[PDB]
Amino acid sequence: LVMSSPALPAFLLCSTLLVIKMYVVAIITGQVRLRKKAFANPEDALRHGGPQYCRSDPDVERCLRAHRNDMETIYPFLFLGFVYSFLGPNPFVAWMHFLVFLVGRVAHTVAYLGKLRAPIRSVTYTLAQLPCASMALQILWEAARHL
């Protein structure tokens, strides 16, 4: 049940929103492929104009990079945040961890796909990693002391 720990509802809200955000990136990628006529597969290209459309595109590649960075960061959060929710952290402190990650990651996607000037994207990445590092260390201590 969602009320297994005081921090769990907040974690589940933020995590699920971020999963949906990743799904949005996937949809955008597909739409960009269609609009720019840039497909990764010959079977896709032949359906949508001909073999010349099996090609790379800078905007498609950008979408893929944003999606991959999401996989490099959001997936670890899904694990760390879940475990962290059951360590009995301060409700407000836990909320701040999840919110900083949520805001940081949404901002990251906006900065990436919106082609915002450096180092905006890099800063959003680093900001979002901070609560992840914090949770990781807290889990390490709790796990180690229970060995």
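Don't overthink the numbering: it's just position in the shown sequence, from 1.
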According to the deposited model, is the average Cα temperature factor higher in 111-119 or in 61-69? 111-119
With respect to the recorded C-alpha B factors, which stretch has the higher mean value, 81-89 or 39-47? 81-89
Would you mind checking where the Cα B-factor of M96 ranks among the modelled residues of its chain, as the lowest, middle or highest third? highest
Quick one: classify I27 as lowest, middle or highest third of the chain based on its Cα B-factor. middle
Lowest, middle or highest third of the chain for the C-alpha temperature factor of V103? middle
